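Undergrad: My file is target_11.txt. It has compact mmCIF, N, CA and C atoms:
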# COMPACT_ATOMS: atom_id res chain seq x y z
N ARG D 338 251.40 6.92 -55.58
CA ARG D 338 250.37 7.34 -56.52
C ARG D 338 249.72 8.67 -56.15
N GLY D 339 248.95 8.70 -55.06
CA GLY D 339 248.37 9.96 -54.62
C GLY D 339 249.12 10.64 -53.50
N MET D 340 249.29 9.91 -52.39
CA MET D 340 250.06 10.31 -51.22
C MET D 340 249.37 11.44 -50.44
N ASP D 341 248.35 12.06 -51.03
CA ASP D 341 247.73 13.23 -50.41
C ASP D 341 246.60 12.82 -49.48
N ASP D 342 245.81 11.82 -49.87
CA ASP D 342 244.72 11.30 -49.05
C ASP D 342 245.20 10.34 -47.98
N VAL D 343 246.52 10.20 -47.82
CA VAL D 343 247.10 9.32 -46.82
C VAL D 343 248.13 10.12 -46.02
N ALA D 344 248.56 11.25 -46.58
CA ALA D 344 249.49 12.14 -45.91
C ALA D 344 248.80 13.09 -44.93
N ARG D 345 247.60 12.75 -44.45
CA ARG D 345 246.84 13.59 -43.53
C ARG D 345 246.48 12.84 -42.25
N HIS D 346 247.16 11.74 -41.95
CA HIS D 346 246.72 10.86 -40.86
C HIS D 346 247.67 10.90 -39.66
N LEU D 347 248.93 10.57 -39.90
CA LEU D 347 249.90 10.39 -38.82
C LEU D 347 250.28 11.72 -38.19
N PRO D 375 230.54 7.27 -64.88
CA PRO D 375 229.33 7.97 -64.44
C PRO D 375 228.05 7.50 -65.13
N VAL D 376 228.18 6.90 -66.31
CA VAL D 376 227.04 6.46 -67.10
C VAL D 376 227.17 4.97 -67.39
N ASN D 377 226.03 4.35 -67.70
CA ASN D 377 225.96 2.90 -67.90
C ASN D 377 224.98 2.60 -69.03
N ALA D 378 225.50 2.06 -70.13
CA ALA D 378 224.66 1.59 -71.22
C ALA D 378 224.34 0.11 -71.03
N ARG D 379 223.37 -0.37 -71.81
CA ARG D 379 222.97 -1.77 -71.78
C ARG D 379 223.66 -2.54 -72.90
N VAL D 380 223.96 -3.81 -72.64
CA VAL D 380 224.61 -4.68 -73.62
C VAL D 380 223.68 -5.83 -73.97
N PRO D 381 223.63 -6.28 -75.22
CA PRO D 381 222.95 -7.55 -75.52
C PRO D 381 223.89 -8.72 -75.26
N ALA D 382 223.56 -9.53 -74.26
CA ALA D 382 224.53 -10.49 -73.74
C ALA D 382 223.92 -11.89 -73.73
N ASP D 383 224.67 -12.84 -73.17
CA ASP D 383 224.27 -14.25 -73.03
C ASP D 383 224.47 -14.62 -71.57
N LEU D 384 223.45 -14.41 -70.75
CA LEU D 384 223.55 -14.56 -69.30
C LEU D 384 223.14 -15.97 -68.89
N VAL D 385 224.01 -16.64 -68.13
CA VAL D 385 223.72 -17.94 -67.55
C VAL D 385 224.22 -17.93 -66.11
N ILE D 386 223.53 -18.68 -65.25
CA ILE D 386 223.88 -18.80 -63.84
C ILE D 386 224.37 -20.22 -63.58
N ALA R 146 252.00 -11.11 -28.01
CA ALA R 146 253.38 -10.76 -27.68
C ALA R 146 253.82 -9.57 -28.51
N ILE R 147 254.43 -8.59 -27.84
CA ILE R 147 255.07 -7.46 -28.50
C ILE R 147 256.57 -7.63 -28.37
N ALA R 148 257.30 -7.06 -29.32
CA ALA R 148 258.73 -7.31 -29.45
C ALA R 148 259.55 -6.33 -28.61
N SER R 149 260.87 -6.41 -28.77
CA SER R 149 261.77 -5.48 -28.10
C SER R 149 261.78 -4.15 -28.84
N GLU R 150 262.00 -3.07 -28.08
CA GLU R 150 261.92 -1.70 -28.60
C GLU R 150 260.53 -1.44 -29.19
N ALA R 151 259.51 -2.02 -28.55
CA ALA R 151 258.13 -1.87 -28.99
C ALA R 151 257.19 -1.33 -27.92
N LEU R 152 257.37 -1.69 -26.65
CA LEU R 152 256.67 -1.03 -25.55
C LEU R 152 257.50 0.08 -24.92
N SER R 153 258.82 0.01 -25.05
CA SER R 153 259.69 1.07 -24.55
C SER R 153 259.42 2.40 -25.23
N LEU R 154 258.90 2.37 -26.46
CA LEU R 154 258.42 3.59 -27.09
C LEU R 154 257.10 4.04 -26.46
N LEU R 155 256.23 3.08 -26.14
CA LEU R 155 254.92 3.37 -25.58
C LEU R 155 254.97 3.76 -24.10
N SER R 156 256.12 3.62 -23.44
CA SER R 156 256.23 4.06 -22.05
C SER R 156 256.50 5.55 -21.96
N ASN R 157 257.64 5.99 -22.49
CA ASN R 157 257.99 7.40 -22.51
C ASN R 157 258.62 7.73 -23.86
N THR R 158 258.78 9.03 -24.11
CA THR R 158 259.30 9.53 -25.38
C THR R 158 260.73 10.02 -25.18
N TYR R 159 261.69 9.29 -25.75
CA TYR R 159 263.10 9.65 -25.64
C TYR R 159 263.43 10.96 -26.35
N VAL R 160 262.49 11.53 -27.10
CA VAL R 160 262.71 12.80 -27.80
C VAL R 160 261.67 13.81 -27.33
N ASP R 161 261.69 15.00 -27.93
CA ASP R 161 260.78 16.09 -27.57
C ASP R 161 259.93 16.45 -28.78
N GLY R 162 258.80 15.75 -28.94
CA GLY R 162 257.78 16.14 -29.90
C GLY R 162 258.17 16.07 -31.36
N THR R 163 258.58 14.90 -31.84
CA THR R 163 258.95 14.74 -33.24
C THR R 163 257.87 13.96 -33.98
N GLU R 164 257.63 14.35 -35.24
CA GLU R 164 256.54 13.78 -36.03
C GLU R 164 256.75 12.29 -36.31
N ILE R 165 257.97 11.89 -36.69
CA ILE R 165 258.24 10.48 -36.92
C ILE R 165 257.95 9.66 -35.67
N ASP R 166 258.15 10.22 -34.48
CA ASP R 166 257.77 9.52 -33.27
C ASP R 166 256.27 9.51 -33.05
N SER R 167 255.53 10.45 -33.64
CA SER R 167 254.08 10.29 -33.67
C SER R 167 253.68 9.11 -34.54
N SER R 168 254.28 8.99 -35.72
CA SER R 168 254.06 7.82 -36.56
C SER R 168 254.48 6.53 -35.87
N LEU R 169 255.57 6.57 -35.10
CA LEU R 169 256.10 5.42 -34.38
C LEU R 169 255.34 5.13 -33.09
N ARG R 170 254.53 6.08 -32.63
CA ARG R 170 253.61 5.84 -31.53
C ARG R 170 252.27 5.33 -32.00
N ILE R 171 251.86 5.67 -33.22
CA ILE R 171 250.57 5.23 -33.74
C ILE R 171 250.72 3.85 -34.38
N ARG R 172 251.95 3.40 -34.59
CA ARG R 172 252.15 2.07 -35.16
C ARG R 172 252.09 1.02 -34.06
N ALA R 173 252.72 1.32 -32.92
CA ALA R 173 252.71 0.39 -31.80
C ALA R 173 251.34 0.35 -31.14
N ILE R 174 250.64 1.49 -31.10
CA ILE R 174 249.28 1.50 -30.58
C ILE R 174 248.41 0.54 -31.38
N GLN R 175 248.63 0.47 -32.69
CA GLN R 175 247.85 -0.42 -33.53
C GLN R 175 248.31 -1.86 -33.38
N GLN R 176 249.62 -2.08 -33.29
CA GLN R 176 250.12 -3.44 -33.10
C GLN R 176 249.70 -4.02 -31.76
N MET R 177 249.34 -3.17 -30.80
CA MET R 177 248.83 -3.64 -29.52
C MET R 177 247.30 -3.65 -29.43
N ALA R 178 246.61 -2.87 -30.26
CA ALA R 178 245.15 -2.89 -30.26
C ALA R 178 244.59 -3.95 -31.20
N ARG R 179 245.34 -4.32 -32.24
CA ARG R 179 244.87 -5.30 -33.21
C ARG R 179 244.76 -6.68 -32.58
N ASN R 180 245.79 -7.10 -31.84
CA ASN R 180 245.72 -8.38 -31.15
C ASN R 180 244.55 -8.44 -30.19
N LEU R 181 244.26 -7.34 -29.51
CA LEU R 181 243.07 -7.27 -28.67
C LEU R 181 241.81 -7.41 -29.51
N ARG R 182 241.79 -6.79 -30.69
CA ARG R 182 240.65 -6.89 -31.59
C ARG R 182 240.38 -8.32 -32.03
N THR R 183 241.37 -9.21 -31.92
CA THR R 183 241.18 -10.62 -32.22
C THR R 183 240.84 -11.43 -30.97
N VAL R 184 241.54 -11.19 -29.86
CA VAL R 184 241.30 -11.98 -28.66
C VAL R 184 240.00 -11.62 -27.97
N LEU R 185 239.38 -10.48 -28.31
CA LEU R 185 238.07 -10.18 -27.74
C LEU R 185 236.96 -10.98 -28.39
N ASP R 186 237.17 -11.50 -29.60
CA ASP R 186 236.25 -12.43 -30.24
C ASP R 186 236.73 -13.87 -30.18
N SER R 187 238.01 -14.10 -29.88
CA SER R 187 238.51 -15.46 -29.77
C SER R 187 237.83 -16.25 -28.66
N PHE R 188 237.52 -15.61 -27.54
CA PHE R 188 236.84 -16.28 -26.45
C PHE R 188 235.33 -16.22 -26.60
N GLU R 189 234.84 -15.69 -27.72
CA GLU R 189 233.50 -15.98 -28.21
C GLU R 189 233.51 -17.15 -29.18
N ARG R 190 234.59 -17.28 -29.94
CA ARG R 190 234.78 -18.40 -30.85
C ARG R 190 235.03 -19.70 -30.09
N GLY R 191 235.62 -19.61 -28.90
CA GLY R 191 235.73 -20.78 -28.06
C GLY R 191 234.40 -21.43 -27.75
N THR R 192 233.33 -20.63 -27.69
CA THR R 192 232.00 -21.18 -27.45
C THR R 192 231.45 -21.85 -28.71
N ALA R 193 232.00 -21.53 -29.87
CA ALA R 193 231.68 -22.28 -31.08
C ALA R 193 232.53 -23.54 -31.21
Is it possible to express this structure as structure tokens?

TA:
Amino acid sequence: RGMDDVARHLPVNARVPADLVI
Amino acid sequence: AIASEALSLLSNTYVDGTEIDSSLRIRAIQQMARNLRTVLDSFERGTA
């Protein structure tokens, strides 16, 4: 997939109307 | 327990400075440090 961050070794949130139960 | 052809790499280097042998030296170092990372808490778990 990347190989680059391993080949060196060797934003927003909206609110929803929901139904919350525990 | 470590296997055959596993500490013989960690003793000396049969080659002269090859990268794959750096990878093959950092793999055995981990296979020998990980077991220690368990047995250093195993004899604390014995007290449990």

Undergrad: Taking a cut-off of 10 Å and counting only C-alpha atoms, can you build a table that, for each residue of chain R near chain D, reports the nearest atom pair and how far apart they are in Å (one decimal), sorted by chain then residue number, as JSON lines?

TA:
{"residue": "R:164", "atom": "CA", "partner": "D:347", "partner_atom": "CA", "distance": 8.0}
{"residue": "R:165", "atom": "CA", "partner": "D:347", "partner_atom": "CA", "distance": 8.6}
{"residue": "R:166", "atom": "CA", "partner": "D:347", "partner_atom": "CA", "distance": 9.7}
{"residue": "R:167", "atom": "CA", "partner": "D:347", "partner_atom": "CA", "distance": 6.6}
{"residue": "R:168", "atom": "CA", "partner": "D:347", "partner_atom": "CA", "distance": 5.4}
{"residue": "R:169", "atom": "CA", "partner": "D:347", "partner_atom": "CA", "distance": 9.1}
{"residue": "R:170", "atom": "CA", "partner": "D:347", "partner_atom": "CA", "distance": 9.4}
{"residue": "R:171", "atom": "CA", "partner": "D:347", "partner_atom": "CA", "distance": 7.3}
{"residue": "R:172", "atom": "CA", "partner": "D:347", "partner_atom": "CA", "distance": 9.4}

Undergrad: Please produce a file of those selected residues containing N, CA and C atoms, as a PDB file, keeping the file's coordinate frame.

TA:
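Output file part.pdb follows:
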ATOM      1  N   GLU R 164     257.630  14.350 -35.240  1.00  0.00           N
ATOM      2  CA  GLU R 164     256.540  13.780 -36.030  1.00  0.00           C
ATOM      3  C   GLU R 164     256.750  12.290 -36.310  1.00  0.00           C
ATOM      4  N   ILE R 165     257.970  11.890 -36.690  1.00  0.00           N
ATOM      5  CA  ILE R 165     258.240  10.480 -36.920  1.00  0.00           C
ATOM      6  C   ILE R 165     257.950   9.660 -35.670  1.00  0.00           C
ATOM      7  N   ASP R 166     258.150  10.220 -34.480  1.00  0.00           N
ATOM      8  CA  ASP R 166     257.770   9.520 -33.270  1.00  0.00           C
ATOM      9  C   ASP R 166     256.270   9.510 -33.050  1.00  0.00           C
ATOM     10  N   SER R 167     255.530  10.450 -33.640  1.00  0.00           N
ATOM     11  CA  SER R 167     254.080  10.290 -33.670  1.00  0.00           C
ATOM     12  C   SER R 167     253.680   9.110 -34.540  1.00  0.00           C
ATOM     13  N   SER R 168     254.280   8.990 -35.720  1.00  0.00           N
ATOM     14  CA  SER R 168     254.060   7.820 -36.560  1.00  0.00           C
ATOM     15  C   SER R 168     254.480   6.530 -35.870  1.00  0.00           C
ATOM     16  N   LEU R 169     255.570   6.570 -35.100  1.00  0.00           N
ATOM     17  CA  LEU R 169     256.100   5.420 -34.380  1.00  0.00           C
ATOM     18  C   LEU R 169     255.340   5.130 -33.090  1.00  0.00           C
ATOM     19  N   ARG R 170     254.530   6.080 -32.630  1.00  0.00           N
ATOM     20  CA  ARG R 170     253.610   5.840 -31.530  1.00  0.00           C
ATOM     21  C   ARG R 170     252.270   5.330 -32.000  1.00  0.00           C
ATOM     22  N   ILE R 171     251.860   5.670 -33.220  1.00  0.00           N
ATOM     23  CA  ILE R 171     250.570   5.230 -33.740  1.00  0.00           C
ATOM     24  C   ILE R 171     250.720   3.850 -34.380  1.00  0.00           C
ATOM     25  N   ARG R 172     251.950   3.400 -34.590  1.00  0.00           N
ATOM     26  CA  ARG R 172     252.150   2.070 -35.160  1.00  0.00           C
ATOM     27  C   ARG R 172     252.090   1.020 -34.060  1.00  0.00           C
TER      28      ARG R 172
END

Undergrad: In Å, how far is it from CA of residue 147 in chain R to CA of residue 181 in chain R?

TA: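 Between CA of residue 147 in chain R and CA of residue 181 in chain R the gap works out to 12.0 Å.
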
Undergrad: Can you measure atom C of residue 152 in chain R to atom N of residue 182 in chain R for me? One decimal in Å is fine.

TA: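 Between these atoms lies a distance of 18.1 Å.
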
Undergrad: Draw an axis-aligned box tight on the listed atoms of range 172-188 of chain R, then pad every side by 6 Å and write out centre and edge lengths in Å to one decimal as JSON.

TA:
{"center_x": 244.0, "center_y": -6.4, "center_z": -30.8, "size_x": 29.4, "size_y": 31.7, "size_z": 20.7}

Undergrad: Which distance in Å separates CA of residue 148 in chain R and CA of residue 190 in chain R, to one decimal?

TA: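 Interatomic distance here is 26.4 Å.
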
Undergrad: Can you list, as an MDAnalysis selection string, all residues belonging to chain R that DSSP tags as alpha helix (DSSP H)?

TA: chainID R and resid 153:156 164:190

Undergrad: Return the single residue from R:177, R:161, R:187, R:192 that is closest to residue 146 in chain R, with distances computed using only N, CA and C atoms.

TA: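 Once distances to residue 146 in chain R are computed over only N, CA and C atoms, the minimum belongs to R:177.
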
Undergrad: Could you add N, CA, C and O atoms to chain D and give me the result as a PDB file, in the coordinates of the input?

TA:
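Full text of selection_10.pdb as output:
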ATOM      1  N   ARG D 338     251.400   6.920 -55.580  1.00  0.00           N
ATOM      2  CA  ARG D 338     250.370   7.340 -56.520  1.00  0.00           C
ATOM      3  C   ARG D 338     249.720   8.670 -56.150  1.00  0.00           C
ATOM      4  O   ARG D 338     249.911   9.670 -56.847  1.00  0.00           O
ATOM      5  N   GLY D 339     248.950   8.700 -55.060  1.00  0.00           N
ATOM      6  CA  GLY D 339     248.370   9.960 -54.620  1.00  0.00           C
ATOM      7  C   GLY D 339     249.120  10.640 -53.500  1.00  0.00           C
ATOM      8  O   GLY D 339     249.512  11.806 -53.606  1.00  0.00           O
ATOM      9  N   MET D 340     249.290   9.910 -52.390  1.00  0.00           N
ATOM     10  CA  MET D 340     250.060  10.310 -51.220  1.00  0.00           C
ATOM     11  C   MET D 340     249.370  11.440 -50.440  1.00  0.00           C
ATOM     12  O   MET D 340     249.687  11.672 -49.268  1.00  0.00           O
ATOM     13  N   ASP D 341     248.350  12.060 -51.030  1.00  0.00           N
ATOM     14  CA  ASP D 341     247.730  13.230 -50.410  1.00  0.00           C
ATOM     15  C   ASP D 341     246.600  12.820 -49.480  1.00  0.00           C
ATOM     16  O   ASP D 341     246.438  13.406 -48.401  1.00  0.00           O
ATOM     17  N   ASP D 342     245.810  11.820 -49.870  1.00  0.00           N
ATOM     18  CA  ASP D 342     244.720  11.300 -49.050  1.00  0.00           C
ATOM     19  C   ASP D 342     245.200  10.340 -47.980  1.00  0.00           C
ATOM     20  O   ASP D 342     244.383   9.715 -47.301  1.00  0.00           O
ATOM     21  N   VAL D 343     246.520  10.200 -47.820  1.00  0.00           N
ATOM     22  CA  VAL D 343     247.100   9.320 -46.820  1.00  0.00           C
ATOM     23  C   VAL D 343     248.130  10.120 -46.020  1.00  0.00           C
ATOM     24  O   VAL D 343     248.502   9.744 -44.909  1.00  0.00           O
ATOM     25  N   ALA D 344     248.560  11.250 -46.580  1.00  0.00           N
ATOM     26  CA  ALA D 344     249.490  12.140 -45.910  1.00  0.00           C
ATOM     27  C   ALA D 344     248.800  13.090 -44.930  1.00  0.00           C
ATOM     28  O   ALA D 344     249.353  14.154 -44.624  1.00  0.00           O
ATOM     29  N   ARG D 345     247.600  12.750 -44.450  1.00  0.00           N
ATOM     30  CA  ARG D 345     246.840  13.590 -43.530  1.00  0.00           C
ATOM     31  C   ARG D 345     246.480  12.840 -42.250  1.00  0.00           C
ATOM     32  O   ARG D 345     245.577  13.257 -41.518  1.00  0.00           O
ATOM     33  N   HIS D 346     247.160  11.740 -41.950  1.00  0.00           N
ATOM     34  CA  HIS D 346     246.720  10.860 -40.860  1.00  0.00           C
ATOM     35  C   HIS D 346     247.670  10.900 -39.660  1.00  0.00           C
ATOM     36  O   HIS D 346     247.251  11.216 -38.546  1.00  0.00           O
ATOM     37  N   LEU D 347     248.930  10.570 -39.900  1.00  0.00           N
ATOM     38  CA  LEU D 347     249.900  10.390 -38.820  1.00  0.00           C
ATOM     39  C   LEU D 347     250.280  11.720 -38.190  1.00  0.00           C
ATOM     40  O   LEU D 347     251.441  12.124 -38.241  1.00  0.00           O
ATOM     41  N   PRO D 375     230.540   7.270 -64.880  1.00  0.00           N
ATOM     42  CA  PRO D 375     229.330   7.970 -64.440  1.00  0.00           C
ATOM     43  C   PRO D 375     228.050   7.500 -65.130  1.00  0.00           C
ATOM     44  O   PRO D 375     226.960   7.692 -64.592  1.00  0.00           O
ATOM     45  N   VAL D 376     228.180   6.900 -66.310  1.00  0.00           N
ATOM     46  CA  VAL D 376     227.040   6.460 -67.100  1.00  0.00           C
ATOM     47  C   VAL D 376     227.170   4.970 -67.390  1.00  0.00           C
ATOM     48  O   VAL D 376     228.253   4.385 -67.344  1.00  0.00           O
ATOM     49  N   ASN D 377     226.030   4.350 -67.700  1.00  0.00           N
ATOM     50  CA  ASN D 377     225.960   2.900 -67.900  1.00  0.00           C
ATOM     51  C   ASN D 377     224.980   2.600 -69.030  1.00  0.00           C
ATOM     52  O   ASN D 377     223.780   2.837 -68.896  1.00  0.00           O
ATOM     53  N   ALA D 378     225.500   2.060 -70.130  1.00  0.00           N
ATOM     54  CA  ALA D 378     224.660   1.590 -71.220  1.00  0.00           C
ATOM     55  C   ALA D 378     224.340   0.110 -71.030  1.00  0.00           C
ATOM     56  O   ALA D 378     224.941  -0.575 -70.204  1.00  0.00           O
ATOM     57  N   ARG D 379     223.370  -0.370 -71.810  1.00  0.00           N
ATOM     58  CA  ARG D 379     222.970  -1.770 -71.780  1.00  0.00           C
ATOM     59  C   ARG D 379     223.660  -2.540 -72.900  1.00  0.00           C
ATOM     60  O   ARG D 379     223.922  -1.985 -73.973  1.00  0.00           O
ATOM     61  N   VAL D 380     223.960  -3.810 -72.640  1.00  0.00           N
ATOM     62  CA  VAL D 380     224.610  -4.680 -73.620  1.00  0.00           C
ATOM     63  C   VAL D 380     223.680  -5.830 -73.970  1.00  0.00           C
ATOM     64  O   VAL D 380     222.951  -6.316 -73.089  1.00  0.00           O
ATOM     65  N   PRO D 381     223.630  -6.280 -75.220  1.00  0.00           N
ATOM     66  CA  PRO D 381     222.950  -7.550 -75.520  1.00  0.00           C
ATOM     67  C   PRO D 381     223.890  -8.720 -75.260  1.00  0.00           C
ATOM     68  O   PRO D 381     224.893  -8.889 -75.954  1.00  0.00           O
ATOM     69  N   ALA D 382     223.560  -9.530 -74.260  1.00  0.00           N
ATOM     70  CA  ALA D 382     224.530 -10.490 -73.740  1.00  0.00           C
ATOM     71  C   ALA D 382     223.920 -11.890 -73.730  1.00  0.00           C
ATOM     72  O   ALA D 382     222.805 -12.109 -74.210  1.00  0.00           O
ATOM     73  N   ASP D 383     224.670 -12.840 -73.170  1.00  0.00           N
ATOM     74  CA  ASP D 383     224.270 -14.250 -73.030  1.00  0.00           C
ATOM     75  C   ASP D 383     224.470 -14.620 -71.570  1.00  0.00           C
ATOM     76  O   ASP D 383     225.542 -15.111 -71.191  1.00  0.00           O
ATOM     77  N   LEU D 384     223.450 -14.410 -70.750  1.00  0.00           N
ATOM     78  CA  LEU D 384     223.550 -14.560 -69.300  1.00  0.00           C
ATOM     79  C   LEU D 384     223.140 -15.970 -68.890  1.00  0.00           C
ATOM     80  O   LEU D 384     222.068 -16.447 -69.267  1.00  0.00           O
ATOM     81  N   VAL D 385     224.010 -16.640 -68.130  1.00  0.00           N
ATOM     82  CA  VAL D 385     223.720 -17.940 -67.550  1.00  0.00           C
ATOM     83  C   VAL D 385     224.220 -17.930 -66.110  1.00  0.00           C
ATOM     84  O   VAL D 385     225.201 -17.258 -65.773  1.00  0.00           O
ATOM     85  N   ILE D 386     223.530 -18.680 -65.250  1.00  0.00           N
ATOM     86  CA  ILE D 386     223.880 -18.800 -63.840  1.00  0.00           C
ATOM     87  C   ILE D 386     224.370 -20.220 -63.580  1.00  0.00           C
ATOM     88  O   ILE D 386     224.046 -21.155 -64.307  1.00  0.00           O
TER      89      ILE D 386
END
